[PDB]
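Sequence order for the protein chains is C and A. Residue numbers for the first sequence follow the authors' numbering, beginning at 461 and rising by one. Residue numbers for the second sequence follow the authors' numbering, beginning at 163 and rising by one. Just so you know, even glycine gets a beta-carbon here, dropped at the ideal spot from N, CA and C. Report on one structure; see the data block that follows.
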Amino acid sequence: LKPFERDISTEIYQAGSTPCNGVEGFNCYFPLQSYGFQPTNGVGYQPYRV
Amino acid sequence: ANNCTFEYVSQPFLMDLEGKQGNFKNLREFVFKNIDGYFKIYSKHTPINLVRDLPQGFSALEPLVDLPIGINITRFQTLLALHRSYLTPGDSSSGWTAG
Ligand SMILES: *[C@@H]1O[C@H](CO)[C@@H](O[C@@H]2O[C@H](CO)[C@@H](O)[C@H](O)[C@H]2NC(C)=O)[C@H](O)[C@H]1NC(C)=O
C-alpha cells in the first residue's frame, strides 16, 4: 500500500491463478475478511479501539 | 450517485465571463501532485499579451490547496462548458460556435 490510502474494492483477489467473477474455484478465496470477535473472548483476540 | 465523503467549498459568488475572441490577456497555472497521500495543488494567475502561442518568460508558482485524499490516482481529464442560444441548430452535445 501507498501510505494513508483506502482500498475500496469488492472484486475477489485471484489466488491460485483463478479468474473468478466474484465466485469460488481452486483456492479462490473472498477478498474481504470479517473479524470473528466473539463477545468476551480471550485477551489475544479481544477487540481494541485504536 | 454521490457515494462520497469529502467536501471543500468556498462560495464568494460573482459573475464575470465576458465572452470574447480577442487576444489573450489572462493566464492561469495549476500544478497537481501528491506526497504521502496529501494531495497538493499549487495555483497562480498572471496577465499576458500574446494571442496565439505560449508566452515564454519566467514567473513563480505558489501552493494554494491541500487535501487528505488518500486514493490511488492514475488519470485525469479537464472540464469544459459551452452551450449556444437558439441560433445554433446543433444541440449542446451536438453544436457549439464559441470556441
Ligand atoms: C492503482 O491503479 C493502477 C491502475 O492504473 C494499478 O496498476 C495495476 O497494478 C496491478 C498489480 O498487480 C497490475 O497487475 C496491473 O497491470 C496494473 N495496471 C496498470 C494499468 O498498469 C495499481 O496497482 C493501483 N495501486 C497502486 C498503489 O498504484
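Heavy atom of ligand 1 within 7 Å of residue i beta-carbon
i: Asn234 (chain A); result: yes
i: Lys182 (chain A); result: no
i: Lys195 (chain A); result: no
i: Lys462 (chain C); result: yes
Same chain only: Cβ atoms within 6 Å of residue i, ignoring 5 sequence neighbours per side
i: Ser477 (chain C); result: none
i: residue 133 (chain A); result: Chain A is shown from 163 up to 261; residue 133 (chain A) falls before or after that span and cannot be answered.
Test item: CB-CB of residue i and residue j under 8 Å
i: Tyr204 (chain A); j: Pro230 (chain A); result: no
i: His245 (chain A); j: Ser256 (chain A); result: no
i: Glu465 (chain C); j: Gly482 (chain C); result: no
i: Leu212 (chain A); j: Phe186 (chain A); result: yes
i: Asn188 (chain A); j: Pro209 (chain A); result: yes
i: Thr250 (chain A); j: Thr236 (chain A); result: no
i: residue 544 (chain C); j: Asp198 (chain A); result: Since the first residue of chain C shown is 461 and the last is 510, residue 544 (chain C) is not available in this structure.
Beta-carbon proximity list for residue i, same chain, < 8 Å, skipping 5 on both sides
i: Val227 (chain A); result: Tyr170, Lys202, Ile203 and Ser205
i: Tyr489 (chain C); result: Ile472, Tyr473 and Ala475
Unbroken beta strand (DSSP E) run spanning residue i, endpoints
i: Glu191 (chain A); result: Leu189 to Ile197
i: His207 (chain A); result: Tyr200 to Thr208
i: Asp228 (chain A); result: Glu224 to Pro230
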